[PDB]
$ cat entry_9.txt   # compact mmCIF, C-alpha atoms and all ligand atoms
# COMPACT_ATOMS: atom_id res chain seq x y z
CA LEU A 9 1.64 -11.09 6.38
CA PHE A 10 1.17 -9.46 2.99
CA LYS A 11 0.47 -13.06 1.71
CA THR A 12 -2.99 -12.95 3.35
CA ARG A 13 -3.40 -9.38 4.70
CA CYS A 14 -3.13 -7.56 1.42
CA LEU A 15 -2.46 -10.12 -1.37
CA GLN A 16 -6.07 -10.38 -2.71
CA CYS A 17 -5.80 -7.14 -4.65
CA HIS A 18 -2.14 -6.13 -4.46
CA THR A 19 1.02 -7.50 -5.66
CA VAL A 20 4.72 -6.84 -4.91
CA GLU A 21 6.47 -8.33 -8.00
CA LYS A 22 5.85 -9.88 -11.36
CA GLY A 23 3.57 -9.61 -14.39
CA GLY A 24 0.88 -7.34 -12.90
CA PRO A 25 -1.21 -8.69 -15.84
CA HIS A 26 -4.66 -8.19 -14.60
CA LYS A 27 -7.45 -6.90 -12.43
CA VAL A 28 -6.52 -6.04 -9.13
CA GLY A 29 -4.31 -3.93 -6.81
CA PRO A 30 -1.12 -3.49 -8.76
CA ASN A 31 2.05 -3.82 -6.87
CA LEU A 32 3.35 -1.14 -4.57
CA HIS A 33 7.09 -1.94 -5.17
CA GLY A 34 8.29 0.90 -2.84
CA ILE A 35 6.43 3.17 -0.38
CA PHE A 36 9.47 5.31 0.55
CA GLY A 37 9.40 8.50 -1.53
CA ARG A 38 6.37 7.41 -3.55
CA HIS A 39 3.72 9.88 -4.71
CA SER A 40 0.26 8.31 -4.74
CA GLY A 41 -0.69 4.99 -6.20
CA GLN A 42 1.98 5.16 -8.84
CA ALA A 43 3.23 2.13 -10.76
CA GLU A 44 2.75 0.38 -14.10
CA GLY A 45 -0.85 0.19 -12.92
CA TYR A 46 -3.11 2.26 -15.22
CA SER A 47 -5.66 2.42 -12.66
CA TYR A 48 -5.41 5.67 -10.70
CA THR A 49 -7.42 6.96 -13.80
CA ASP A 50 -9.59 9.48 -11.72
CA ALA A 51 -8.18 10.64 -8.28
CA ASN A 52 -5.13 9.64 -6.18
CA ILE A 53 -2.44 10.41 -8.83
CA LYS A 54 -3.88 13.90 -9.41
CA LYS A 55 -3.86 14.38 -5.62
CA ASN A 56 -0.23 13.10 -5.66
CA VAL A 57 -0.36 11.88 -2.06
CA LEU A 58 3.26 11.69 -0.75
CA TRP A 59 4.33 8.30 0.75
CA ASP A 60 7.55 8.87 2.84
CA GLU A 61 6.36 9.64 6.30
CA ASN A 62 4.76 9.26 9.74
CA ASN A 63 1.00 9.60 9.15
CA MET A 64 1.49 6.56 6.82
CA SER A 65 2.94 4.68 9.78
CA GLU A 66 -0.45 5.02 11.50
CA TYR A 67 -2.57 4.73 8.27
CA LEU A 68 -0.84 1.59 7.09
CA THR A 69 -0.46 0.22 10.72
CA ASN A 70 -4.24 0.18 10.90
CA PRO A 71 -6.38 -1.75 8.38
CA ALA A 72 -7.13 1.60 6.68
CA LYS A 73 -4.33 2.13 4.07
CA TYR A 74 -4.65 5.88 3.33
CA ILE A 75 -2.19 8.78 3.90
CA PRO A 76 -4.92 11.15 2.45
CA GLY A 77 -7.21 11.26 5.57
CA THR A 78 -9.80 8.56 5.68
CA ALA A 79 -11.66 5.24 6.15
CA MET A 80 -11.48 1.73 7.07
CA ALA A 81 -13.35 -1.19 5.33
CA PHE A 82 -10.33 -3.18 4.21
CA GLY A 83 -12.46 -4.38 6.80
CA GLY A 84 -12.01 -5.88 10.29
CA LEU A 85 -8.55 -6.75 10.60
CA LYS A 86 -7.65 -4.88 13.70
CA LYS A 87 -4.39 -5.38 15.09
CA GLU A 88 -0.86 -5.16 16.29
CA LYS A 89 1.76 -5.05 13.71
CA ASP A 90 1.29 -6.71 10.29
CA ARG A 91 2.25 -3.57 8.41
CA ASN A 92 5.60 -3.45 10.33
CA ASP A 93 6.90 -6.71 8.78
CA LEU A 94 5.27 -5.87 5.38
CA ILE A 95 6.98 -2.44 5.16
CA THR A 96 10.17 -4.27 6.39
CA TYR A 97 9.81 -6.69 3.41
CA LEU A 98 9.23 -3.76 1.03
CA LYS A 99 12.35 -2.08 2.53
CA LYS A 100 14.39 -5.23 1.74
CA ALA A 101 12.80 -5.50 -1.74
CA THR A 102 13.02 -1.75 -2.65
CA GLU A 103 15.89 -0.21 -0.62
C1 LIG A 201 -8.30 -5.38 -2.37
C2 LIG A 201 -9.77 -5.07 -2.06
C3 LIG A 201 -7.33 -4.46 -1.63
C4 LIG A 201 -6.82 -4.75 -0.38
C5 LIG A 201 -7.16 -5.95 0.46
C6 LIG A 201 -5.82 -3.76 -0.06
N1 LIG A 201 -5.71 -2.93 -1.13
FE1 LIG A 201 -4.34 -1.33 -1.21
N2 LIG A 201 -5.07 -0.89 -3.17
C7 LIG A 201 -6.04 -1.59 -3.82
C8 LIG A 201 -6.13 -1.04 -5.16
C9 LIG A 201 -7.06 -1.48 -6.27
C10 LIG A 201 -5.19 -0.03 -5.25
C11 LIG A 201 -4.84 0.72 -6.51
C12 LIG A 201 -5.51 2.09 -6.63
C13 LIG A 201 -7.03 1.98 -6.56
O1 LIG A 201 -7.57 2.28 -5.48
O2 LIG A 201 -7.60 1.60 -7.60
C14 LIG A 201 -4.56 0.10 -3.96
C15 LIG A 201 -3.55 1.03 -3.65
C16 LIG A 201 -2.84 1.05 -2.44
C17 LIG A 201 -1.72 1.93 -2.14
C18 LIG A 201 -1.12 2.98 -3.04
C19 LIG A 201 -1.82 4.34 -2.87
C20 LIG A 201 -3.20 4.36 -3.50
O3 LIG A 201 -3.27 3.99 -4.69
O4 LIG A 201 -4.15 4.74 -2.79
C21 LIG A 201 -1.27 1.64 -0.88
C22 LIG A 201 -0.15 2.37 -0.18
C23 LIG A 201 -2.02 0.50 -0.41
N3 LIG A 201 -2.97 0.22 -1.35
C24 LIG A 201 -1.77 -0.17 0.78
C25 LIG A 201 -2.47 -1.29 1.22
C26 LIG A 201 -2.16 -2.03 2.41
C27 LIG A 201 -0.94 -1.78 3.28
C28 LIG A 201 -3.12 -3.01 2.57
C29 LIG A 201 -3.32 -3.95 3.77
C30 LIG A 201 -2.21 -4.03 4.83
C31 LIG A 201 -3.99 -2.93 1.40
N4 LIG A 201 -3.53 -1.90 0.62
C32 LIG A 201 -5.10 -3.75 1.13
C33 LIG A 201 -6.80 -2.66 -3.35
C34 LIG A 201 -6.62 -3.28 -2.10

$ encode --input "entry_9.txt" --output "structure tokens" --more "lines below"
Ligand code: HEC
Amino acid sequence: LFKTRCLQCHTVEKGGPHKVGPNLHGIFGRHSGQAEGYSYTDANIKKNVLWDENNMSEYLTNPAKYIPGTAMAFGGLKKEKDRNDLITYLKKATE
């Protein structure tokens, strides 16, 4: 899932040297995009959007990825239940 869904930017482990989406590492009592990313440098962290929830279930279930209200163009994925397994994997990795 994560491998092709949401690998391009993100990671989950290791290095986080560069670029992209830094790794989420744990979405179960997180507040915003918070990791050893730098990158939240002008929004989300200041908002402090709590990630331990129900609205997230929907927001992550859909190709939308946003507890804070909004949007879409991660971009025509669609479907089913990729998030379920992903959040499962993060549970096993984190919890
Ligand atoms: C590359 C274009 C991305 C894809 C594909 C997905 N995400 Fe993402 N995400 C991306 C970045 C660069 C960041 C860091 C902050 C920023 O916007 O600069 C994020 C962050 C998140 C977060 C943390 C909360 C936040 O920072 O807003 C979550 C919970 C998240 N992303 C989830 C997520 C999921 C589940 C995706 C597909 C199933 C996904 N993202 C795709 C960049 C990109």

$ residues_around --input "entry_9.txt" --residues "segment 51-59 of chain A" --least-positions-apart "4" --cutoff "10 Å" --atoms "only C-alpha atoms" --output "list in words"
residues 34, 35, 36, 37, 38, 39, 40, 41, 42, 47, 63, 64, 65, 74, 75 and 76 of chain A

$ closest_residue --input "entry_9.txt" --among "A:85, A:79, A:94, A:17" --to "ligand LIG 201 (chain A)" --atoms "all atoms listed in the file"
A:17

$ residues_near_ligand --input "entry_9.txt" --ligand "ligand LIG 201 (chain A)" --cutoff "6 Å" --atoms "only C-alpha atoms and all ligand atoms" --output "number ranges by chain"
A: 13-14, 16-18, 28-29, 40-41, 47-48, 68, 71, 73, 82, 91

$ residues_around --input "entry_9.txt" --residues "segment 87-90 of chain A" --least-positions-apart "5" --cutoff "7 Å" --atoms "only C-alpha atoms" --output "list in words"
residues 9, 69 and 70 of chain A

$ write_last_selection --input "entry_9.txt" --atoms "C-alpha atoms" --output "JSON list (two decimals), keeping the file's coordinate frame"
[["chain", "number", "residue", "atom", "x", "y", "z"],
["A", 9, "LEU", "CA", 1.64, -11.09, 6.38],
["A", 69, "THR", "CA", -0.46, 0.22, 10.72],
["A", 70, "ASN", "CA", -4.24, 0.18, 10.90]]

$ closest_residue --input "entry_9.txt" --among "A:12, A:81, A:61, A:45" --to "residue 27 of chain A" --atoms "all atoms listed in the file"
A:45

$ atom_distance --input "entry_9.txt" --atom1 "atom CA of residue 78 of chain A" --atom2 "atom CA of residue 20 of chain A"
23.7 Å

$ atom_distance --input "entry_9.txt" --atom1 "atom CA of residue 33 of chain A" --atom2 "atom CA of residue 67 of chain A"
17.8 Å
